[PDB]
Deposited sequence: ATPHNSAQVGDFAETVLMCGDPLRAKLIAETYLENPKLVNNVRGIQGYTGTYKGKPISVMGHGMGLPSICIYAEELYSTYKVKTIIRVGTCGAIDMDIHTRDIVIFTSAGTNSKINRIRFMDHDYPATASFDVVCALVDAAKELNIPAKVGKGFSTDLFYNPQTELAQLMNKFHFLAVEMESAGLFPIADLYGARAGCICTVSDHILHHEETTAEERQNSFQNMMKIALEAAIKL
């Protein structure tokens, strides 16, 4: 149906969990979904659809960077009529009080990208996570009683950032972590009157980089349960 998706309308669940790593998405499909079926693998993207506790749910990779997830997210809402996209994955801690292996739920995401300024008449668009998804993710975290920090994230265009001072500036403003997609995903959801959210497990710390899967499985539990709540 699309240049990046061979699947047809209906093959994707109304709720899709996405992570950058396509192999991670395959793993997630085999590990948590029941009767998972490969619905799209254009570009090895590993798009699957199965069920969790009886409900339809899909998992697919989204690549790295705002331009990448923007392609997939817009096609999903627009063509495959998806309603909710929960980004799942890793990120780099910024705040000194945030440590590796911690779980973070984004309320919103800043960015050094130009995409949102392009779509918003060169103004400041607040890439905000859908309050529904934020609440569902936090409640899931509370019900499962899994500690999770909630707050600002930062979607960078440069994993290897030349502006070495930015890290400290963000720490002063208490940004929790850095990843590379949220800032792009959120506004697209708004455009389609749909929902988006993000939950990540800190894989490294950018201000002083210091059992890893345990944190990941917990994050997955939260995303999954939150998906059902939604």
Problem set entry | Ranges of the deposited sequence (numbered from 1) for which no C-alpha atom is modelled | 211-215
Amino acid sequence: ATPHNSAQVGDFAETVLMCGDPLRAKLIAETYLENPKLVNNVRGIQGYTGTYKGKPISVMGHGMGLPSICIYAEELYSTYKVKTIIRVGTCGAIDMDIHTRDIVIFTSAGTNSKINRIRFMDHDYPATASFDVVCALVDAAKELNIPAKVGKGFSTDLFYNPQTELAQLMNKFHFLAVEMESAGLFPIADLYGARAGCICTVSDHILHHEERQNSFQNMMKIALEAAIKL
From here on, numbers count along this sequence of modelled residues.
Seminar exercise, completed: Stretch with higher mean Cα temperature factor, 41-49 vs 201-209, is 201-209
Exercise. Comparing 152-160 with 98-106, where is the mean C-alpha B-factor higher?
Worked result: 98-106
Seminar exercise, completed: Sorting the chain's modelled residues by C-alpha B-factor and splitting them into thirds places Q168 in the middle
Problem set entry | Entry-reported Cα temperature factor of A1, expressed as the chain third it lands in | highest
Exercise. Taking the entry's C-alpha B-factors for this chain, is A141 in the lowest, middle or highest third?
Worked result: highest
Exercise. Is the Cα B-factor recorded for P36 in the lowest, middle or highest third of its chain?
Worked result: highest
Seminar exercise, completed: Of the three thirds of the chain ranked by Cα temperature factor, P56 occupies the highest
